[PDB]
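A.B. asks: need a structure here:
(one chain, ligands or ions: 2)
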Amino acid sequence: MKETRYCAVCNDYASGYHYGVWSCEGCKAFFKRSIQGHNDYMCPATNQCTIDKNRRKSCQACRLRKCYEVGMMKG
Ligand SMILES: [Zn+2]
Ligand SMILES: [Zn+2]
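C.D. replies: Numbers count the residues shown, from 1 in each chain. Ligands and ions are numbered 1, 2, ... in the order given. Sharing the structure here:
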């Protein structure tokens with residue numbers, strides 16, 4: 001009936017629509033506190049790396065960027 005979407009940013013079956021995408025719950029909060037580019041965000045490599053687990057204390061910038069990649073909006 002409808003393709004199953006998931007945490008467009010970093011997890012799995014999103015609890016539902018919040019930003020405008022089937023995004024996560026907790027990691028979703030990270031995005032709320034991180035919206036807007038202006039931020040001292042940065043990855044310990046800035047090279048390449050897939051974002052998944054939360055921890056909200058590791059690839060935080062790739063997460064954010066990925067969140068902006070998701071195409072969300074604080075809402
Ligand atoms: Zn997530
Ligand atoms: Zn990274």
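A.B. asks: going forward, measure contacts between C-alpha atoms and count neighbours the same way
C.D. replies: Noted.
A.B. asks: contact residues of this protein facing ligand 2?
C.D. replies: 43, 49, 59, 62 (C-alpha under 5 Å from the ion).
A.B. asks: go with 8 Å
C.D. replies: Residues of the chain lying close to ligand 2 by C-alpha under 8 Å from the ion are 42-51, 58-63.
A.B. asks: most neighbours out of the residues you listed, which is it?
C.D. replies: residue 63 (27 neighbours; other C-alpha atoms under 10 Å).
A.B. asks: name the SS class of that residue, please.
C.D. replies: Three-state assignment for residue 63 (DSSP: H, G, I helix; E, B strand; the rest coil): helix.
A.B. asks: that one and residue 7 touch, don't they?
C.D. replies: No. Residue 63 is not in contact with residue 7 according to C-alpha atoms under 8 Å; the separation is 11.6 Å.
A.B. asks: how about the helices in this structure?
C.D. replies: 26-34, 60-70 (DSSP state H).
A.B. asks: so of the ones you listed, which one's packed in deepest?
C.D. replies: Mean neighbour count (mean count of other C-alpha atoms under 10 Å) peaks for helix 60-70 among the helices of the chain, with a mean of 21.
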